[PDB]
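Shown next as structure tokens: one chain only, the form deposited in one PDB entry.
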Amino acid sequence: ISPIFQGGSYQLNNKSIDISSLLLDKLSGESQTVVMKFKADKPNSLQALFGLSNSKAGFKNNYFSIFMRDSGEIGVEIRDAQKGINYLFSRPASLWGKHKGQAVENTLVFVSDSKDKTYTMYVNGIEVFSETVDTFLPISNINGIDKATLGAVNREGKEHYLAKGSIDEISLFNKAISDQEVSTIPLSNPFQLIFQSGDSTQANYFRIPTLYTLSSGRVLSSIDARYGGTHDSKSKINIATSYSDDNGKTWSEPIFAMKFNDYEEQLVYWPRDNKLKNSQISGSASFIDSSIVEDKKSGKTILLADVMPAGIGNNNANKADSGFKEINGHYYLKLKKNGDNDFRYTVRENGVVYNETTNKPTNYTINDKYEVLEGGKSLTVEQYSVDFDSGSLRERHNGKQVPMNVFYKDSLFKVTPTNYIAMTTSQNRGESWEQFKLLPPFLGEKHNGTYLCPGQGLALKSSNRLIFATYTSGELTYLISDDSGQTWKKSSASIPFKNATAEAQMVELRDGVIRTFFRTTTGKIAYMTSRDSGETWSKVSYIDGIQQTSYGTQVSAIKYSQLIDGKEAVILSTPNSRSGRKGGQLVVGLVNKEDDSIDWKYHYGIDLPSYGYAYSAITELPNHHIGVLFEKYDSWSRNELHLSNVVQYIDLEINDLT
């Protein structure tokens, strides 16, 4: 249909614009759609973009409004005091502010559907909320509405929620347009999605992005596909990957690099209310935090990630047990059988399950997918699905048999409830991935696995050496391979933090010289240096000029291939804020060849200081542009859990940053 009202280029400069005469008598029927293209690069703390209100004395709570916050949150209020209705629907982190120094044109579509009794909000082509109510309130049915307002709500004759911004285009329709019709509305997005709700992963949530440019020019990305809301393990999470062959312009449909099937892949709208938001899938195995590297010698791509057995996460993992038994300098995975109170089994050569009490081999073997075979025959377990139909989280058997895996809750043989690191490889640059293999323990029998630093591993330019940083209590533990990832050794580097989440990323400043940048608990990003390709490490220094919170955030880093201002350059990506995970920046540092010190010379604001920015991935694209895949929300805030389509990708050029 055609709009009943259409207007444009309204400047909102802390003074509302009255459009009552143009709009109010056009509103008819109980369903409406508002389409608005707007900019707000310097918003007030809380401002209304659009309002329909009863402006009369005594009716201050009779209004509809579309509002936004300087946090990037978008929402509506639908209120009628006579009807006893006060609806407020919103979602944090729904907006863009600025991109490449220019105000972003956000495209907002709000659908008020009387038939389905549903209110649905889209911003920039992303559905941010859809709420059904028992008692529907049509937005123009509010008792005594007499004002239509841009840039404020008129309450009792005064301007409330005054806005700063502009509305370049606004249209209203006397219909609830369909999801299909919404998808046809042209967008002006500064970003694209690689992974997204409804894609092949069927996860409604994503966290922990990575990016890595392969030698063929293919750009590869990995991610946590998170099913049970955005929660860290324990949960259900798989590792997914996608690649681009055209410098990031388009991306392949995701495939899995690492997946478990003890629970169904379900796209679930996780509750965001205070009473249920901490609901957590508690019986599923999961993977979490992935990292990628390419090996020049073999041509293989190698991906590592943490692995968690059913119901296990950082919080409850046995810190005092590697999950392996040492027997003659060799490490074997320990297993517990149904009914036993200790772990009386190990997995030996060729997957043979072996009885430790009586030194007997059994009739069980573990295959290459960590699945249990009895006499060569595949054992199975029944899969679980989750639902909130009862008003709380239920996890229950769904009738489907899947291969019995030692990481599962229902398995005959179970691994130690602690965290591990696994690796997988691809021989076709991410078109398919092999079955994963567990890495051995590096810090002894009675120490849980170290935690993988998400992002990139490091392929040294002048050798075959591959390094993946990991962290644990009191140190960074670098994992080093010189044989294409077939065998690994550790190199430990003490850090002056006990129990830090010391997520670390590396750059090779020059041949054999590695600087590692890492998250701390001090509000400053730290660094250390190796001058012997990772064999030994310097003391820890701190970067001045960037602020993080007390708890810190992952930082990503690359060595740029081109000189900047005549100097070698490193680029860091991180939030810059002492308050929360917001104020994302790319910071360009120029290397001083005298001493390898770095002058952090340029700070590029990814979006507003108040808009969300958490974990991130950066890569130099083959055309020398910079690709950034990042969590565009505060992934620490307990108010911003369970948001969809906030991991987003942008393309930048060096001239944008400087």
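All residue numbers are counted from 1 along the displayed sequence.
One more form of this protein exists, namely the form solved in complex with a small molecule; it is left out here, but the text below deals with it.
K.L.:
Using the partner position in the deposited bound form, report whether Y451 sits within 4.5 Å of the small molecule, counting heavy atoms only.
P.N.:
Yes.
K.L.:
According to a 4.5 angstroms non-hydrogen atom cut-off, is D289 in contact with the small molecule in the deposited bound form?
P.N.:
Contact with the small molecule, yes.
K.L.:
Decide whether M308 counts as a contact residue for the small molecule in the deposited bound form under a heavy atom distance cut-off of 4.5 Å.
P.N.:
Heavy-atom contact with the small molecule at 4.5 Å: present for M308.
K.L.:
Would you please decide whether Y161 lies within 4.5 angstroms of the small molecule in the deposited bound form, comparing each non-hydrogen atom pair?
P.N.:
The answer is no: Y161 has no heavy atom within 4.5 Å of the small molecule.
K.L.:
Answer with one of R207, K147, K334, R79: the residue that has a non-hydrogen atom within 4.5 Å of the small molecule in the deposited bound form.
P.N.:
Selected option: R207.
K.L.:
I need to confirm a contact call. Of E568, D199, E105, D232, which residue comes within 4.5 Å of the small molecule in the deposited bound form, counting heavy atoms only?
P.N.:
Looking at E568, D199, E105, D232 one by one, just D232 meets the 4.5 Å heavy-atom criterion.
K.L.:
Within 4.5 Å, heavy atoms only, one stretch in 358 to 366, 135 to 143, 300 to 308, 170 to 178 touches the small molecule in the deposited bound form. Which?
P.N.:
The contacting stretch is 300 to 308.
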